[PDB]
Amino acid sequence: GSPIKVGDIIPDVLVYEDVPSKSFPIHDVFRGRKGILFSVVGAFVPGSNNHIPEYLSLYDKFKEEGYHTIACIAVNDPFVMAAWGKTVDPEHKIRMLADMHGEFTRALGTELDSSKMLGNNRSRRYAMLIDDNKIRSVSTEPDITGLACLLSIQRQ
Amino acid sequence: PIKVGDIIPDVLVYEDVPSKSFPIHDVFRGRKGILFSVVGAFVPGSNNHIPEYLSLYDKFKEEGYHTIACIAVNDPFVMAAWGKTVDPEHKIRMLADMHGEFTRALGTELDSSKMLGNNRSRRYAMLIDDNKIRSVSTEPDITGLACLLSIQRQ
């Protein structure tokens with residue numbers, strides 16, 4: 001995947017949620033609306049819950065601006081992803097998207113060289129603002145906090 | 001496939017964190033134990049039998065089978081977190097065959113890439129004595145009770 005860029009349409013690939021039989025194009029999540037898409041290296045991987053608490057705390061602020069649709073994506077199977085999501089987000093404010101084959105991550109160009117540590121290649125951390133499947137803003141470490149996310153929204 | 005009397009594959013597995021790895025032979029060296037697989041942490045069915053093993057744990061110990069290990073093709077962070085939810089007292093060793101190396105060597109790989117992203121392990125339960133297989137069982141004979149009965153047939 002080439003360097004991501006504002007104005008680009010996100011890769012139109014299938015992701016999974018809850019169970020392997022429930023898959024759908026990621027475009028379904030952001031079609032006709034604004035939202036936030038951010039990644040973690042993996043469910044239960046240290047660091048994966050570093051930012052979720054701030055996203056959750058800012059939910060009504062995101063919602064004020066039409067960004068109540070928030071999705072977390074990781075290269076995991078959906079059983080693991082869903083179980084993890086319930087532990088970090090009991091009110092289910094965040095859609096937990098399992099990029100199970102790493103297809104979205106590869107298409108986006110955000111593969112991590114993590115096979116030695118985790119068995120396969122996971123995603124690097126990013127956070128993006130999306131509008132009808134187009135990228136409005138892109139951030140990477142260290143600008144991947146909840147706050148970082150809100151300020152970008154407000155600049156609009 | 002796997003046969004009684006064969007030695008289990010001498011490969012690394014992981015436990016808790018990626019930096020904690022060891023030959024799986026360390027788990028059963030010089031002792032009796034139980035090794036059983038699940039398709040994955042949090043996969044439906046993966047907690048069908050753990051409650052049975054835990055209920056029979058003291059009986060297994062009376063029989064000299066103190067070492068009980070669950071193995072899955074998962075990273076160790078996920079495996080350990082899952083283990084804590086199904087076995088909070090940590091009676092069972094939770095082994096992460098993260099690369100699927102043990103599973104492939106044993107010949108128990110499942111064609112599961114479309115359902116789960118990669119190839120996982122078929123379900124089995126084995127009795128081990130100093131890394132030698134003394135009994136092997138596959139579905140549906142992978143309950144706690146089946147394990148106890150296998151032990152008592154030894």
Side-chain angles (χ1 to χ4, degrees), chain A residues 79, chain B residues 1-15 22-74 78-79 82-83 85-87 89-113 115-116 118-154:
Chain A
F79 297 120
Chain B
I2 343 169
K3 314 295 186 182
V4 170
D6 291 341
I7 305 307
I8 66 178
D10 185 12
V11 305
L12 296 182
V13 295
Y14 299 80
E15 188 182 17
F22 45 81
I24 194 173
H25 280 204
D26 285 3
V27 177
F28 304 99
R29 194 173 319 278
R31 70 202 187 161
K32 297 184 299 188
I34 299 152
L35 180 66
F36 72 97
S37 59
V38 296
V39 172
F42 296 106
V43 174
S46 61
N47 196 36
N48 282 1
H49 307 295
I50 286 171
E52 301 162 345
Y53 289 117
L54 289 176
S55 65
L56 288 171
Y57 175 74
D58 292 347
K59 182 74 176 179
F60 294 148
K61 295 174 72 61
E62 286 184 34
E63 300 284 357
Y65 284 78
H66 294 104
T67 302
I68 177 166
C70 176
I71 191 158
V73 181
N74 277 110
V78 167
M79 191 74 177
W82 177 68
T85 75
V86 297
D87 173 25
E89 299 195 293
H90 204 181
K91 304 210 168 291
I92 299 170
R93 301 284 297 283
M94 293 279 162
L95 302 179
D97 182 26
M98 170 167 57
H99 305 292
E101 190 180 4
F102 180 82
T103 295
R104 276 193 305 284
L106 191 66
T108 53
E109 198 171 55
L110 214 46
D111 183 7
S112 57
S113 284
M115 178 186 176
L116 294 172
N118 60 342
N119 295 336
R120 300 301 178 86
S121 182
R122 295 179 176 184
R123 305 175 193 150
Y124 57 80
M126 299 183 334
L127 297 186
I128 306 294
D129 185 345
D130 188 31
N131 296 306
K132 187 182 194 80
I133 299 173
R134 296 188 64 175
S135 185
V136 190
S137 302
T138 57
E139 278 279 38
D141 234 7
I142 57 167
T143 60
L145 170 63
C147 184
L148 180 62
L149 297 178
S150 294
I151 288 167
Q152 294 184 343
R153 281 197 289 277
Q154 301 308 299

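A note on names: the letters A, B, ... follow the listed sequences, proteins ahead of strands, and every chain is numbered from 1. Values below: every heavy atom of this structure, side chains too, minus hydrogens, waters and symmetry copies.
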query: Please walk me through it: do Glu109(B) and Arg122(B) pass salt bridge (charged side-chain N to carboxylate O under 4.0 Å, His left out)?
result: CA-CA 6 Å; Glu109(B) 198 171 55; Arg122(B) 295 179 176 184; over 6 Å; no

message: Quick one, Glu15(B) with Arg93(B), criterion side chain to side chain contact (heavy atoms under 4.5 Å, CB included). Give me CA distance, side-chain angles, the key distance, then yes/no.
response: CA-CA 8 Å; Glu15(B) 188 182 17; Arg93(B) 301 284 297 283; 2.9 Å; yes

- request: Check the pair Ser37(B) / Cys70(B) against side chain to side chain contact (heavy atoms under 4.5 Å, CB included), numbers first and verdict last.
  value: CA-CA 5 Å; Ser37(B) 59; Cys70(B) 176; over 6 Å; no

- prompt: What's the verdict on side chain to side chain contact (heavy atoms under 4.5 Å, CB included) for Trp82(B) and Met94(B), showing C-alpha distance, side-chain angles and the deciding distance?
  reply: CA-CA 9 Å; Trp82(B) 177 68; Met94(B) 293 279 162; 3.7 Å; yes

Test log, rule side chain to side chain contact (heavy atoms under 4.5 Å, CB included), inputs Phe102(B) and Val73(B): CA-CA 9 Å; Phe102(B) 180 82; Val73(B) 181; over 6 Å; no

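In this structure the side chain of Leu35(B) reaches within 4.5 angstrom of the side chain of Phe28(B), judged on heavy atoms. Counting only heavy atoms from C-beta outward, the side chains of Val13(B) and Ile24(B) approach each other to under 4.5 Å. Counting heavy atoms from C-beta on, the side chains of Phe22(B) and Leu95(B) come closer than 4.5 Å. Within the 4.5 Å cutoff, the side chain of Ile128(B) has heavy atoms near those of the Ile133(B) side chain. You'll find the side chain of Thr85(B) stays beyond 4.5 Å of the side chain of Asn47(B), heavy atoms only. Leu148(B) places none of its side-chain heavy atoms less than 4.5 Å from the side chain of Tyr65(B). Counting heavy atoms from C-beta on, the side chains of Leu106(B) and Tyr124(B) come closer than 4.5 Å. No side-chain heavy atom of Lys3(B) sits under 4.5 Å from any side-chain heavy atom of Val136(B).
Shortest non-hydrogen contact noted between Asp10(B) and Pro23(B) is OD1-CB, 4.0 Å. Nearest approach of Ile68(B) to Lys91(B), heavy atoms of both residues: CG2-O, 3.6 Å. Residue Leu110(B) comes nearest to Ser121(B) through the heavy atom pair CD2-O, 3.6 Å, listed as atom of the first residue, atom of the second, then distance. Shortest non-hydrogen contact noted between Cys147(B) and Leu127(B) is SG-CD2, 4.0 Å. Residues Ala125(B) and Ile142(B) approach most closely at N-CG2, 4.1 Å, considering heavy atoms.
Salt-bridge check for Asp129(B) with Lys32(B): failed, with every basic side-chain N at 4.0 Å or more from each acidic carboxylate O.
Atom NZ of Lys61(B) and atom OG1 of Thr67(B) lie 8.0 Å apart (nearest 0.5 Å). We find the NE2-OH distance between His99(B) and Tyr14(B) to be 3.5 Å, quoted to the nearest 0.5 Å.
The backbone N or O of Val43(B) sits less than 3.5 Å from a side-chain atom of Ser46(B), completing a donor-acceptor pair. Without hydrogens or angle criteria, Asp97(B) side chain to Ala72(B) main chain gives no donor-acceptor distance under 3.5 Å. In terms of modelled atom types and a separation under 3.5 Å, the side chain of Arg134(B) and the main chain of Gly33(B) share no donor-acceptor contact. Within the 3.5 Å criterion, the main-chain N or O of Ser150(B) finds a donor-acceptor partner in the side chain of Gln154(B). In terms of modelled atom types and a separation under 3.5 Å, the side chain of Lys132(B) and the main chain of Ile7(B) share no donor-acceptor contact. Not one N or O on the side chain of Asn131(B) forms a donor-acceptor pair closer than 3.5 Å with the backbone of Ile8(B). Judged by distance alone, the side chain of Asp141(B) and the main-chain N or O of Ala146(B) form no donor-acceptor pair under 3.5 Å. Judged by distance alone, the side chain of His66(B) and the main-chain N or O of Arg31(B) form no donor-acceptor pair under 3.5 Å.
Side-chain atoms of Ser112(B) and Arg120(B) form no donor-acceptor pair, as typed in the model, at a separation below 3.5 Å. In the model, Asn118(B) has no side-chain atom that pairs as donor or acceptor with a side-chain atom of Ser113(B) under 3.5 Å.
Atom CD of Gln152(B) has more than 12 heavy atoms from other residues, nucleotides or ligands within 6.0 Å. In this structure, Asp26(B) places its CG atom where more than 12 heavy-atom neighbours from other residues, nucleotides or ligands lie under 6.0 Å away.
Partner of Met126(B) under the side chain to side chain contact (heavy atoms under 4.5 Å, CB included) criterion, out of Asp6(B), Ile2(B), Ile34(B): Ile2(B) alone.
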